[PDB]
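Data block below; observations after.
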Amino acid sequence: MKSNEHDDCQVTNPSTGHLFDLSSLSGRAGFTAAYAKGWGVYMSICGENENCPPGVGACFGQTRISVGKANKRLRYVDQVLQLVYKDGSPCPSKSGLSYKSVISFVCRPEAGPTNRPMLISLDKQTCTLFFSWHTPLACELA
């Protein structure tokens with residue numbers, strides 16, 4: 001029985017007692033970001049994506065190249081919440097490296113239409129896609 005999934009993605013700050021959770025942004029179908037070339041990036045915030053094989057959290061394109069295993073290690077570093085979807089498809093040109101997604105949730109209470117993952121840096125060399133998400137959920141109203 002699959003009723004033991006404890007996929008949290010939440011960090012508590014003892015100072016305020018405030019919990020930074022991304023449970024409200026978590027989705028099974030996730031978010032599909034259209035890449036300017038004709039590739040749909042299927043990325044689920046904390047979980048495995050419906051278009052992806054069970055266990056993969058982010059898939060790049062129609063060939064569904066895994067760009068991150070379903071990880072729930074939400075790190076709160078430098079007032080930014082960061083999710084790293086490590087262990088993707090081994091890069092054919094780079095031995096030891098795999099396509100990974102680094103989502104940087106910048107604490108922006110002044111969040112606008114930027115409440116979506118913005119592809120800030122595309123790194124082909126080490127196969128890392130940097131997505132910046134402007135969310136007030138990385139913030140503590142205190």
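FYI, nothing fancy with the structure tokens labels: chains A, B, ... in order, residues from 1 per chain, ligands from 1 as they appear.
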* Can you list, as a PyMOL selection string, every residue of segment 6-119 of chain A that DSSP puts in strand (DSSP E)? -> chain A and resi 10-13+18-21+31-35+39-43+58-60+65-66+74-77+80-85+100-107+117-119
Can you tell me which residues surround segment 70-85 of chain A at a distance of at most 10 Å, considering only C-alpha atoms, apart from same-chain residues fewer than 6 positions away, and format the answer as a PDB file with N, CA, C and O atoms, in the first residue's frame?
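File result.pdb, as written:
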```pdb
ATOM      1  N   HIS A   6       6.128  10.473   2.777  1.00  0.00           N
ATOM      2  CA  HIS A   6       6.318  11.613   3.642  1.00  0.00           C
ATOM      3  C   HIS A   6       7.203  12.600   2.935  1.00  0.00           C
ATOM      4  O   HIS A   6       8.402  12.696   3.202  1.00  0.00           O
ATOM      5  N   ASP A   7       6.617  13.299   2.012  1.00  0.00           N
ATOM      6  CA  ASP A   7       7.331  14.249   1.187  1.00  0.00           C
ATOM      7  C   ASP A   7       7.033  15.630   1.729  1.00  0.00           C
ATOM      8  O   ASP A   7       5.970  16.196   1.465  1.00  0.00           O
ATOM      9  N   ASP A   8       7.933  16.137   2.532  1.00  0.00           N
ATOM     10  CA  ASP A   8       7.679  17.356   3.279  1.00  0.00           C
ATOM     11  C   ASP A   8       8.022  18.648   2.539  1.00  0.00           C
ATOM     12  O   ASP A   8       7.104  19.390   2.177  1.00  0.00           O
ATOM     13  N   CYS A   9       9.306  18.902   2.280  1.00  0.00           N
ATOM     14  CA  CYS A   9       9.753  20.186   1.714  1.00  0.00           C
ATOM     15  C   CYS A   9       9.310  21.342   2.607  1.00  0.00           C
ATOM     16  O   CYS A   9       8.513  22.213   2.198  1.00  0.00           O
ATOM     17  N   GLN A  10       9.806  21.337   3.828  1.00  0.00           N
ATOM     18  CA  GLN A  10       9.452  22.335   4.792  1.00  0.00           C
ATOM     19  C   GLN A  10      10.651  22.563   5.716  1.00  0.00           C
ATOM     20  O   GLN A  10      11.366  21.615   6.046  1.00  0.00           O
ATOM     21  N   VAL A  11      10.913  23.801   6.065  1.00  0.00           N
ATOM     22  CA  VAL A  11      12.024  24.142   6.963  1.00  0.00           C
ATOM     23  C   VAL A  11      11.512  25.062   8.059  1.00  0.00           C
ATOM     24  O   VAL A  11      10.807  26.023   7.775  1.00  0.00           O
ATOM     25  N   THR A  12      11.848  24.777   9.282  1.00  0.00           N
ATOM     26  CA  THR A  12      11.405  25.582  10.390  1.00  0.00           C
ATOM     27  C   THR A  12      12.521  26.541  10.818  1.00  0.00           C
ATOM     28  O   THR A  12      13.692  26.158  10.861  1.00  0.00           O
ATOM     29  N   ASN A  13      12.170  27.781  11.075  1.00  0.00           N
ATOM     30  CA  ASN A  13      13.108  28.746  11.607  1.00  0.00           C
ATOM     31  C   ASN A  13      12.799  28.957  13.081  1.00  0.00           C
ATOM     32  O   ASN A  13      11.798  29.586  13.419  1.00  0.00           O
ATOM     33  N   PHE A  20       8.649  27.257   6.759  1.00  0.00           N
ATOM     34  CA  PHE A  20       8.646  27.564   5.347  1.00  0.00           C
ATOM     35  C   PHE A  20       8.310  26.284   4.629  1.00  0.00           C
ATOM     36  O   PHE A  20       9.143  25.379   4.576  1.00  0.00           O
ATOM     37  N   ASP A  21       7.128  26.180   4.113  1.00  0.00           N
ATOM     38  CA  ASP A  21       6.734  24.968   3.427  1.00  0.00           C
ATOM     39  C   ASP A  21       6.326  25.302   2.013  1.00  0.00           C
ATOM     40  O   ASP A  21       5.844  26.412   1.734  1.00  0.00           O
ATOM     41  N   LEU A  22       6.533  24.368   1.121  1.00  0.00           N
ATOM     42  CA  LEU A  22       6.194  24.552  -0.277  1.00  0.00           C
ATOM     43  C   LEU A  22       5.114  23.563  -0.681  1.00  0.00           C
ATOM     44  O   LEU A  22       4.968  23.215  -1.858  1.00  0.00           O
ATOM     45  N   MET A  43       8.200  19.823 -14.645  1.00  0.00           N
ATOM     46  CA  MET A  43       8.825  19.883 -13.347  1.00  0.00           C
ATOM     47  C   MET A  43       7.782  19.939 -12.241  1.00  0.00           C
ATOM     48  O   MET A  43       6.876  20.773 -12.267  1.00  0.00           O
ATOM     49  N   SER A  44       7.870  19.030 -11.315  1.00  0.00           N
ATOM     50  CA  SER A  44       6.985  19.023 -10.182  1.00  0.00           C
ATOM     51  C   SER A  44       7.727  19.465  -8.939  1.00  0.00           C
ATOM     52  O   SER A  44       8.833  18.987  -8.659  1.00  0.00           O
ATOM     53  N   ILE A  45       7.146  20.393  -8.224  1.00  0.00           N
ATOM     54  CA  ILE A  45       7.725  20.873  -7.001  1.00  0.00           C
ATOM     55  C   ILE A  45       7.429  19.865  -5.910  1.00  0.00           C
ATOM     56  O   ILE A  45       6.277  19.746  -5.453  1.00  0.00           O
ATOM     57  N   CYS A  46       8.451  19.111  -5.564  1.00  0.00           N
ATOM     58  CA  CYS A  46       8.399  18.093  -4.529  1.00  0.00           C
ATOM     59  C   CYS A  46       7.464  16.961  -4.889  1.00  0.00           C
ATOM     60  O   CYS A  46       6.288  16.941  -4.496  1.00  0.00           O
ATOM     61  N   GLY A  47       7.967  16.054  -5.685  1.00  0.00           N
ATOM     62  CA  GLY A  47       7.223  14.905  -6.041  1.00  0.00           C
ATOM     63  C   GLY A  47       7.657  14.375  -7.358  1.00  0.00           C
ATOM     64  O   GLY A  47       8.619  14.883  -7.945  1.00  0.00           O
ATOM     65  N   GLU A  48       6.986  13.362  -7.816  1.00  0.00           N
ATOM     66  CA  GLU A  48       7.269  12.786  -9.099  1.00  0.00           C
ATOM     67  C   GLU A  48       6.203  13.202 -10.094  1.00  0.00           C
ATOM     68  O   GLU A  48       5.011  13.215  -9.778  1.00  0.00           O
ATOM     69  N   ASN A  49       6.643  13.618 -11.250  1.00  0.00           N
ATOM     70  CA  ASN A  49       5.762  14.207 -12.248  1.00  0.00           C
ATOM     71  C   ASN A  49       5.017  13.132 -13.019  1.00  0.00           C
ATOM     72  O   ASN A  49       5.573  12.103 -13.368  1.00  0.00           O
ATOM     73  N   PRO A  54       7.875   7.037 -12.637  1.00  0.00           N
ATOM     74  CA  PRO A  54       7.720   7.067 -11.171  1.00  0.00           C
ATOM     75  C   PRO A  54       9.043   7.194 -10.395  1.00  0.00           C
ATOM     76  O   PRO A  54       9.820   6.227 -10.272  1.00  0.00           O
ATOM     77  N   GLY A  55       9.293   8.387  -9.890  1.00  0.00           N
ATOM     78  CA  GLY A  55      10.485   8.650  -9.113  1.00  0.00           C
ATOM     79  C   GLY A  55      11.268   9.831  -9.651  1.00  0.00           C
ATOM     80  O   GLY A  55      12.116  10.401  -8.956  1.00  0.00           O
ATOM     81  N   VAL A  56      11.024  10.173 -10.892  1.00  0.00           N
ATOM     82  CA  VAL A  56      11.650  11.329 -11.503  1.00  0.00           C
ATOM     83  C   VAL A  56      10.784  12.572 -11.251  1.00  0.00           C
ATOM     84  O   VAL A  56       9.564  12.543 -11.465  1.00  0.00           O
ATOM     85  N   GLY A  57      11.411  13.643 -10.794  1.00  0.00           N
ATOM     86  CA  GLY A  57      10.669  14.833 -10.430  1.00  0.00           C
ATOM     87  C   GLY A  57      10.610  15.861 -11.532  1.00  0.00           C
ATOM     88  O   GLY A  57       9.686  16.687 -11.573  1.00  0.00           O
ATOM     89  N   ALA A  58      11.581  15.832 -12.417  1.00  0.00           N
ATOM     90  CA  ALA A  58      11.633  16.789 -13.496  1.00  0.00           C
ATOM     91  C   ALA A  58      12.141  16.139 -14.774  1.00  0.00           C
ATOM     92  O   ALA A  58      13.158  15.432 -14.764  1.00  0.00           O
ATOM     93  N   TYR A  99      22.061  15.607 -15.712  1.00  0.00           N
ATOM     94  CA  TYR A  99      21.206  16.782 -15.816  1.00  0.00           C
ATOM     95  C   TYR A  99      20.469  17.005 -14.506  1.00  0.00           C
ATOM     96  O   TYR A  99      19.713  16.148 -14.062  1.00  0.00           O
ATOM     97  N   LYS A 100      20.728  18.142 -13.890  1.00  0.00           N
ATOM     98  CA  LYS A 100      20.197  18.474 -12.577  1.00  0.00           C
ATOM     99  C   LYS A 100      19.471  19.817 -12.607  1.00  0.00           C
ATOM    100  O   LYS A 100      19.858  20.734 -13.356  1.00  0.00           O
ATOM    101  N   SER A 101      18.450  19.938 -11.791  1.00  0.00           N
ATOM    102  CA  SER A 101      17.693  21.165 -11.688  1.00  0.00           C
ATOM    103  C   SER A 101      17.918  21.804 -10.325  1.00  0.00           C
ATOM    104  O   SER A 101      17.749  21.150  -9.285  1.00  0.00           O
ATOM    105  N   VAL A 102      18.320  23.045 -10.328  1.00  0.00           N
ATOM    106  CA  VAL A 102      18.512  23.789  -9.110  1.00  0.00           C
ATOM    107  C   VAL A 102      17.480  24.893  -9.065  1.00  0.00           C
ATOM    108  O   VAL A 102      17.501  25.810  -9.896  1.00  0.00           O
ATOM    109  N   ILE A 103      16.553  24.781  -8.153  1.00  0.00           N
ATOM    110  CA  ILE A 103      15.522  25.768  -8.026  1.00  0.00           C
ATOM    111  C   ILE A 103      15.840  26.658  -6.839  1.00  0.00           C
ATOM    112  O   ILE A 103      16.001  26.171  -5.711  1.00  0.00           O
ATOM    113  N   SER A 104      15.954  27.919  -7.097  1.00  0.00           N
ATOM    114  CA  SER A 104      16.262  28.895  -6.106  1.00  0.00           C
ATOM    115  C   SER A 104      14.995  29.712  -5.836  1.00  0.00           C
ATOM    116  O   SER A 104      14.517  30.444  -6.709  1.00  0.00           O
ATOM    117  N   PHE A 105      14.427  29.542  -4.671  1.00  0.00           N
ATOM    118  CA  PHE A 105      13.237  30.267  -4.289  1.00  0.00           C
ATOM    119  C   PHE A 105      13.663  31.486  -3.527  1.00  0.00           C
ATOM    120  O   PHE A 105      13.979  31.413  -2.326  1.00  0.00           O
ATOM    121  N   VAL A 106      13.683  32.585  -4.202  1.00  0.00           N
ATOM    122  CA  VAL A 106      14.112  33.816  -3.626  1.00  0.00           C
ATOM    123  C   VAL A 106      12.969  34.402  -2.823  1.00  0.00           C
ATOM    124  O   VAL A 106      11.822  34.457  -3.305  1.00  0.00           O
ATOM    125  N   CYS A 107      13.267  34.802  -1.603  1.00  0.00           N
ATOM    126  CA  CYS A 107      12.291  35.380  -0.707  1.00  0.00           C
ATOM    127  C   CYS A 107      11.903  36.755  -1.195  1.00  0.00           C
ATOM    128  O   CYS A 107      12.539  37.748  -0.866  1.00  0.00           O
ATOM    129  N   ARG A 108      10.890  36.810  -2.006  1.00  0.00           N
ATOM    130  CA  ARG A 108      10.398  38.051  -2.516  1.00  0.00           C
ATOM    131  C   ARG A 108       8.940  38.191  -2.116  1.00  0.00           C
ATOM    132  O   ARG A 108       8.071  37.593  -2.737  1.00  0.00           O
ATOM    133  N   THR A 128      23.394  21.781 -15.653  1.00  0.00           N
ATOM    134  CA  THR A 128      22.634  22.306 -14.554  1.00  0.00           C
ATOM    135  C   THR A 128      21.716  23.437 -15.020  1.00  0.00           C
ATOM    136  O   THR A 128      22.159  24.385 -15.672  1.00  0.00           O
ATOM    137  N   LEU A 129      20.443  23.314 -14.730  1.00  0.00           N
ATOM    138  CA  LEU A 129      19.502  24.353 -15.060  1.00  0.00           C
ATOM    139  C   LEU A 129      19.129  25.111 -13.800  1.00  0.00           C
ATOM    140  O   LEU A 129      18.697  24.511 -12.803  1.00  0.00           O
ATOM    141  N   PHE A 130      19.341  26.405 -13.825  1.00  0.00           N
ATOM    142  CA  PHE A 130      19.056  27.252 -12.683  1.00  0.00           C
ATOM    143  C   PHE A 130      17.724  27.957 -12.861  1.00  0.00           C
ATOM    144  O   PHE A 130      17.562  28.803 -13.769  1.00  0.00           O
ATOM    145  N   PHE A 131      16.788  27.620 -12.022  1.00  0.00           N
ATOM    146  CA  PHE A 131      15.478  28.230 -12.038  1.00  0.00           C
ATOM    147  C   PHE A 131      15.297  29.090 -10.795  1.00  0.00           C
ATOM    148  O   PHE A 131      15.576  28.647  -9.687  1.00  0.00           O
ATOM    149  N   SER A 132      14.856  30.298 -10.982  1.00  0.00           N
ATOM    150  CA  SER A 132      14.589  31.195  -9.889  1.00  0.00           C
ATOM    151  C   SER A 132      13.090  31.356  -9.769  1.00  0.00           C
ATOM    152  O   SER A 132      12.409  31.606 -10.763  1.00  0.00           O
ATOM    153  N   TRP A 133      12.585  31.162  -8.596  1.00  0.00           N
ATOM    154  CA  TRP A 133      11.185  31.284  -8.329  1.00  0.00           C
ATOM    155  C   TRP A 133      11.031  32.386  -7.289  1.00  0.00           C
ATOM    156  O   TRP A 133      11.732  32.388  -6.271  1.00  0.00           O
ATOM    157  N   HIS A 134      10.175  33.337  -7.553  1.00  0.00           N
ATOM    158  CA  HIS A 134       9.949  34.422  -6.613  1.00  0.00           C
ATOM    159  C   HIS A 134       8.717  34.099  -5.797  1.00  0.00           C
ATOM    160  O   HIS A 134       7.593  34.239  -6.280  1.00  0.00           O
ATOM    161  N   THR A 135       8.919  33.646  -4.590  1.00  0.00           N
ATOM    162  CA  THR A 135       7.824  33.266  -3.750  1.00  0.00           C
ATOM    163  C   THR A 135       7.916  33.962  -2.391  1.00  0.00           C
ATOM    164  O   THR A 135       9.017  34.173  -1.849  1.00  0.00           O
ATOM    165  N   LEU A 137       6.679  32.579   0.102  1.00  0.00           N
ATOM    166  CA  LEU A 137       6.659  31.424   0.989  1.00  0.00           C
ATOM    167  C   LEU A 137       8.064  31.102   1.480  1.00  0.00           C
ATOM    168  O   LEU A 137       8.263  30.229   2.317  1.00  0.00           O
ATOM    169  N   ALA A 138       9.034  31.820   0.956  1.00  0.00           N
ATOM    170  CA  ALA A 138      10.410  31.692   1.398  1.00  0.00           C
ATOM    171  C   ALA A 138      10.699  32.800   2.398  1.00  0.00           C
ATOM    172  O   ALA A 138      11.842  33.020   2.821  1.00  0.00           O
ATOM    173  N   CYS A 139       9.646  33.472   2.786  1.00  0.00           N
ATOM    174  CA  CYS A 139       9.716  34.602   3.651  1.00  0.00           C
ATOM    175  C   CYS A 139       8.943  34.334   4.911  1.00  0.00           C
ATOM    176  O   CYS A 139       8.063  33.471   4.936  1.00  0.00           O
ATOM    177  N   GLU A 140       9.296  35.023   5.956  1.00  0.00           N
ATOM    178  CA  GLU A 140       8.594  34.947   7.195  1.00  0.00           C
ATOM    179  C   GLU A 140       8.068  36.319   7.547  1.00  0.00           C
ATOM    180  O   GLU A 140       8.844  37.254   7.766  1.00  0.00           O
TER     181      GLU A 140
END
```
* Given the choices A:123, A:50, A:68, A:118, which gets closest to residue 35 of chain A if the distance is worked out from only C-alpha atoms? ->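 With only C-alpha atoms as the atom set, the closest residue is A:118.
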* Enumerate the residues of chain A with a DSSP assignment of helix (DSSP H, G or I), computed from the backbone, and present them as a list in words. =>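 Matching residues, listed in order: residues 23, 24, 25, 136, 137 and 138 of chain A.
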Proximity of segment 37-79 of chain A to segment 94-98 of chain A: per-residue shortest pair, 12 Å limit, only C-alpha atoms, as JSON lines:
```
{"residue": "A:65", "atom": "CA", "partner": "A:98", "partner_atom": "CA", "distance": 10.3}
{"residue": "A:66", "atom": "CA", "partner": "A:98", "partner_atom": "CA", "distance": 8.8}
{"residue": "A:67", "atom": "CA", "partner": "A:98", "partner_atom": "CA", "distance": 7.5}
{"residue": "A:68", "atom": "CA", "partner": "A:98", "partner_atom": "CA", "distance": 8.5}
{"residue": "A:69", "atom": "CA", "partner": "A:98", "partner_atom": "CA", "distance": 10.5}
```
* Can you tell me how far atom CA of residue 86 of chain A sits from atom CA of residue 126 of chain A, in Å to one decimal? -> 12.0 Å
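A straight line drawn from atom CA of residue 33 of chain A to atom CA of residue 120 of chain A is 12.9 Å long.
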* Separation of atom CA of residue 88 of chain A and atom CA of residue 114 of chain A, in Å? -> 25.9 Å
